[PDB]
Amino acid sequence: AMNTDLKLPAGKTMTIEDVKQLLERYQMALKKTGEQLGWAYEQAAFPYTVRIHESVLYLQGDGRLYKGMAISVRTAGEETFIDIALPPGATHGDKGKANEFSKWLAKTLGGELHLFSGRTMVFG
Numbered sequence: 000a001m002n003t004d005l006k007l008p009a010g011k012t013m014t015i016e017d018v019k020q021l022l023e024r025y026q027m028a029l030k031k032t033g034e035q036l037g038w039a040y041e042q043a044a045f046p047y048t049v050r051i052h053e054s055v056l057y058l059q060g061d062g063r064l065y066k067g068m069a070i071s072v073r074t075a076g077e078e079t080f081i082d083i084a085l086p087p088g089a090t091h092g093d094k095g096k097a098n099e100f101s102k103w104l105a106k107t108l109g110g111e112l113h114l115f116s117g118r119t120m121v122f123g
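Residue numbers for the sequence shown follow the deposited numbering, so the first one is 0 and each next one is one higher.
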């Protein structure tokens with residue numbers, strides 16, 4: 000029913016095989032856009048800068064929506080724990096991010112996760 004055309008600049012020639020290469024190039028451009036979206040996901044999913052001070056990891060939150068948290072290792076008897084402490088001013092955002100990282104950590108290492116909601120999850 001309908002048609003679009005591009006009139007090429009004077010003197011420019013074009014074969015169907017050149018057009019096929021242009022379609023491939025277009026898909027390469029879409030891949031690059033896809034990478035930008037992925038990078039945007041990465042930055043939003045971990046909006047913290049990490050520093051270590053006195054064997055405690057401090058995450059400092061980007062912008063007003065994230066304050067931060069503190070991660071440390073605790074031993075008691077022959078037991079070992081990873082602790083994630085949220086400070087008094089911790090945001091809605093910080094709580095969610097801490098929950099996300101804690102669950103990933105538990106899936107990765109195994110053990111028994113005690114979430115600040117009072118829920119316990121066992122891996123193993």
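Ideal Cβ positions, reconstructed from N, Cα and C, are used throughout, including at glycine.
Would you mind reading off the limits of the beta strand (DSSP E) that contains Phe80?
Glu78 to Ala84
Is it the case that the Cβ atoms of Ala89 and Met120 are separated by a distance below 8 Å?
no
Are residue 134 and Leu85 touching if we call contact CB-CB under 8 Å?
In this structure the chain extends from 0 to 123, so residue 134 is not present and cannot be described.
Does the distance from the C-beta atom of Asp61 to that of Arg73 stay below 8 Å?
no
What residue ranges within the stretch 15-53 form continuous beta strand (DSSP E) runs of no fewer than 3 residues, ordered along the chain?
47-52
Report buried or exposed for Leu58, applying the criterion of at least 16 other Cβ atoms within 10 angstroms of its Cβ.
buried
Just verifying my parser: in three-state terms, what is the DSSP assignment at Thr119?
strand
Give the DSSP bridge partners of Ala69, in chain order.
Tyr57 and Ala84
Can you list, in chain order, the residues of its chain with a C-beta nearer than 7 Å to that of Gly92? Leave out the 5 residues immediately preceding and following it.
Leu64 and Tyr65
What residue range is occupied by the uninterrupted alpha helix (DSSP H) comprising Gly95?
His91 to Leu108
In three-state terms, what does DSSP make of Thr12?
coil
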